[PDB]
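These notes concern the structure reproduced below.
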There are 6 protein chains.
Amino acid sequence: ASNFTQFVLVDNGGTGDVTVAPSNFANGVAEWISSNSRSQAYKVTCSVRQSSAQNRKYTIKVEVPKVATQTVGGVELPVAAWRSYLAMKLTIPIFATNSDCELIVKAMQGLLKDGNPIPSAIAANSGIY
Amino acid sequence: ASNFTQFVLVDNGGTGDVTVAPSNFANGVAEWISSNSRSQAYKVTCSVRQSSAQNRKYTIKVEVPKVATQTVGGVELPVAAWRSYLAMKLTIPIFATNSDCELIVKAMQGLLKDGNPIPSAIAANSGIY
Amino acid sequence: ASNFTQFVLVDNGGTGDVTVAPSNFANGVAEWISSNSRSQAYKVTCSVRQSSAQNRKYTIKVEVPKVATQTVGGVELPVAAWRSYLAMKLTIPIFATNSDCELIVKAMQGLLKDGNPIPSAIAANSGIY
Amino acid sequence: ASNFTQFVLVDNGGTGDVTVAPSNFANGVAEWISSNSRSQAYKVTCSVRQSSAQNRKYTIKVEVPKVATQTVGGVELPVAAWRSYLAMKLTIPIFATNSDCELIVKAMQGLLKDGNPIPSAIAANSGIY
Amino acid sequence: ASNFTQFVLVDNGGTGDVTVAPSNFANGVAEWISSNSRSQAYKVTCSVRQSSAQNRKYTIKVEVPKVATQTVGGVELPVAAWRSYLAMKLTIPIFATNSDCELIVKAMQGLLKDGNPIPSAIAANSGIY
Amino acid sequence: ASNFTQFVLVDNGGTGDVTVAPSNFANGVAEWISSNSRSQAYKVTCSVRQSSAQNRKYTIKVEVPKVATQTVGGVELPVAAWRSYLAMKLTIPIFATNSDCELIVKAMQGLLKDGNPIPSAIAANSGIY
RNA sequence: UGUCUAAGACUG
RNA sequence: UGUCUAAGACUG
RNA sequence: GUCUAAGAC
RNA sequence: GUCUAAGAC
């Protein structure tokens with residue numbers, strides 16, 4: 001099939017959507033970046049490794065930028081005022097069947113679904129209480 | 001506004017859903033667990049702190065049990081063969097407004113949305129190809 | 001001409017066949033696996049590189065699960081008791097034309113053809129006698 | 001029965017066939033060579049060993065020559081311009097039944113069947129992509 | 001999706017075309033090789049890397065062989081009488097947008113378009129005059 | 001006759017075209033520069049030399065600028081916010097006939113033809129994937 | 001383990 | 001493990 | 001900088 | 001090998 005396809009990272013209903021596309025696979029790290037200057041692009045990376053003798057570990061990262069225009073030496077350049085970083089490590093035993101893995105994906109999706117505790121605290125610059 | 005409540009971690013359309021409820025708040029770290037023995041339960045923990053001068057950092061952890069061939073309430077060893085661990089670290093600059101954070105959340109939801117590259121790879125015991 | 005596709009690894013006449021599909025391409029190494037947990041799956045990997053000034057070398061690996069008394073989706077230990085490993089290394093001089101290579105392939109097919117010495121010995125837990 | 005028999009290594013439909021025959025078993029290594037001068041002969045060798053306390057390892061090798069006639073000191077001699085080498089190691093747990101082993105042989109046969117990914121890449125001086 | 005695909009390196013109408021195919025991607029270095037004798041094959045390699053804080057750098061290489069037959073001692077082999085080597089370095093600031101990059105590419109294409117100075121000098125064994 | 005003439009470096013239909021013209025030929029190094037502010041001009045240089053007893057070597061260079069306005073102390077000047085640098089070395093044996101050279105050129109043109117791997121990666125701020 | 005001059009060599 | 005200047009760094 | 005070319009000097 | 005790019009380190 002090939003799962004290395006582009007996808008919409010930030011959905012704002014058809015328009016204003018942040019979509020990311022395959023851009024590199026050098027050294028076994030799959031990379032996706034948005035259609036911007038390398039300095040303002042959204043970035044996503046993924047890699048898998050047989051960490052232990054009986055474990056596999058996924059390493060996923062996402063970079064969300066706050067774009068801005070900076071004047072350096074009298075000249076304006078496209079930059080990122082700052083970047084937000086998401087870094088997740090996922091360890092799955094080799095004994096996990098496909099259905100066991102689907103269970104993990106579903107858990108991760110439920111964890112961040114709108115209305116639930118965590119995504120609500122994050123979106124309000126708050127903690128859980 | 002008081003978000004430490006029970007929520008659906010794994011959704012299967014009402015029937016067969018996995019719910020996770022508050023189980024500990026020691027040290028300000030929110031903990032949620034399913035109705036199982038702690039060796040077979042679904043566990044979620046979350047906490048925020050200012051990691052540095054310019055950043056705040058959320059630390060979210062999830063534990064998912066291997067269910068295929070599982071014996072409910074039994075002693076399953078080795079523990080490493082029956083459990084998967086997710087560790088997320090979200091770094092957000094102190095300049096991020098609620099709007100900025102809402103977008104960061106959407107980015108995370110899009111990353112794991114059903115049908116996209118990352119979740120499709122994980123659910124199929126695969127890497128990117 | 002774009003050969004990284006799914007194929008039948010174990011043929012049993014349509015019914016009960018074992019299919020192996022693309023699962024990873026990190027580092028340019030093609031990987032195929034069956035629809036199982038990685039501890040019980042059939043795995044195939046392949047890659048070529050120039051091993052020396054005069055030679056190119058293909059490195060092909062295969063992993064086959066022990067099926068008799070197997071428990072699908074279960075945790076089977078020790079791993080060394082439930083898996084067989086095949087490691088092939090094919091060295092081909094840079095002077096070999098496509099025709100030369102076609103013959104090399106035929107030589108490999110003949111070596112393992114049903115009814116010949118090598119496969120007959122292996123299939124019977126025997127040596128040469 | 002006795003499996004140490006001659007067999008056709010390269011099949012070209014009755015005529016032009018490269019057939020190999022038993023030629024030595026000294027030191028536990030079974031050898032087969034084609035009917036040529038030792039310097040231009042196709043060669044096949046096989047041996048089994050109880051490698052681990054619970055493993056058996058087969059070591060198989062095939063030598064495919066590119067015959068040529070070389071003039072050495074004004075005299076012509078039958079030689080091999082170069083040789084292609086196939087070297088495979090197969091490790092099978094002692095717990096593998098005969099049917100488990102038949103499964104391995106079938107996997108190896110399917111791996112090299114015409115039309116499938118690997119033999120196609122090899123025959124075209126190509127990699128998998 | 002993937003750009004590590006085979007392509008036409010030399011176009012001579014429909015037939016006489018030189019095609020190059022993916023052969024290896026070790027260490028972030030993509031490599032394409034034409035078919036038949038590796039000794040007479042065309043070669044193309046490509047890689048990118050962050051050369052500095054504000055620059056990314058591409059390293060493209062091409063090898064064009066002069067097909068010939070070598071005879072020594074009465075033994076002949078397919079070889080390259082000699083090779084022509086092309087090596088290019090392309091540095092692009094991280095501020096470049098997709099439009100800026102598309103422009104850079106057009107500049108490279110125009111530099112080598114039939115009829116222009118550089119390509120015409122090379123094709124005629126000449127310099128600028 | 002002369003090949004030290006002006007040519008279209010960047011083609012954008014009829015208008016929007018970047019033309020480069022002969023500006024200097026000191027020390028066997030031919031140089032072309034686009035019109036207007038030298039500070040925002042495109043640059044191309046070319047030279048050939050006998051690199052060894054049997055090889056001639058070309059050195060082609062291109063500079064693509066990012067046009068911008070610099071303001072310092074209220075004084076503005078036409079400048080290049082930054083530049084993209086291309087540098088290539090082409091080695092060709094003295095045995096190459098005009099046909100061989102025409103072939104080398106076609107190889108360079110194909111390497112950068114629209115739709116192929118290298119030009120497409122560069123145009124999209126990407127590597128090979 | 002890797003390579004090759006290939007059942008013997010080399011290299012960690 | 002922790003942090004960040006983020007597939008590379010730092011710190012135990 | 002060259003070459004025997006992702007190795008090198 | 002990089003860059004501020006036929007100058008350079």
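Order of the sequence lines fixes the chain letters, A, B, ..., with proteins taken first and strands second; residue numbering starts at 1 for each chain.
For the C1' atoms, the distance linking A7(H) with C3(J) amounts to 25 Å, nearest Å. Remark: the separation of the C1' atoms in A8(J) and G1(I) is 13 Å, to the nearest Å. The separation of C4(G) from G7(I), taken at their P atoms, amounts to 16 Å, rounded to a whole angstrom.
Annotation for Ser39(E) and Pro78(E): closest pair OG-O, 2.6 Å, computed over non-hydrogen atoms. Here the closest non-hydrogen pair linking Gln50(C) and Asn55(C) is CG-O, 3.1 Å.
For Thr59(E), the side-chain contact (heavy atoms from CB on, under 4.5 Å) test picks out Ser47(E), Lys61(E), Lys89(E), with sequence neighbours left out. The side-chain contact (heavy atoms from CB on, under 4.5 Å) check on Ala68(A) picks up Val79(A), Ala81(A), with sequence neighbours excluded. Shown here are the side-chain hydrogen bond (donor to acceptor under 3.5 Å, both in side chains) partners of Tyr42(D), two or more places apart in sequence or in another chain: there are none. Checked against side-chain hydrogen bond (donor to acceptor under 3.5 Å, both in side chains), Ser51(F) has no partners two or more places apart in sequence or in another chain. Not counting sequence neighbours, the partners of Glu31(D) by the side-chain contact (heavy atoms from CB on, under 4.5 Å) test are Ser23(D), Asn24(D), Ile33(D), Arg38(D), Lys43(D), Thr45(D). With sequence neighbours left out, the side-chain hydrogen bond (donor to acceptor under 3.5 Å, both in side chains) criterion links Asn27(C) to no other residue. Legend: residues meeting side-chain contact (heavy atoms from CB on, under 4.5 Å) with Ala96(F), ordered by chain and number and at least two apart, are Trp82(E), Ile92(F), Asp100(F), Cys101(F). Checked against side-chain hydrogen bond (donor to acceptor under 3.5 Å, both in side chains), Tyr85(A) has no partners two or more places apart in sequence or in another chain.
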What N/O pairs connect the protein and nucleotides 10-12 of chain H at under 3.5 Å? Give each pair on its own line.
none

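Residue pairs that meet the salt bridge (charged side-chain N to carboxylate O under 4.0 Å, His left out) test with at least one member in residues 44-56 of chain E, sequence neighbours left out, do not exist here.
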- request: Let me have a per-nucleotide readout for nucleotides 2-9 of chain J, 5' to 3', with B, S or -, counting only protein heavy atoms under 4.0 Å.
  value: SSSBB---
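Computed from coordinates, the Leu86(A) CG to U3(H) P distance equals 14 Å when rounded to whole Å.
Remark: RNA chain J forms no stem of 3 or more consecutive Watson-Crick or G-U wobble pairs with all pair distances under 3.5 Å.
With a cut-off of 3.5 Å on both pairing distances, the Watson-Crick or G-U wobble partner of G2(H) is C10(H).
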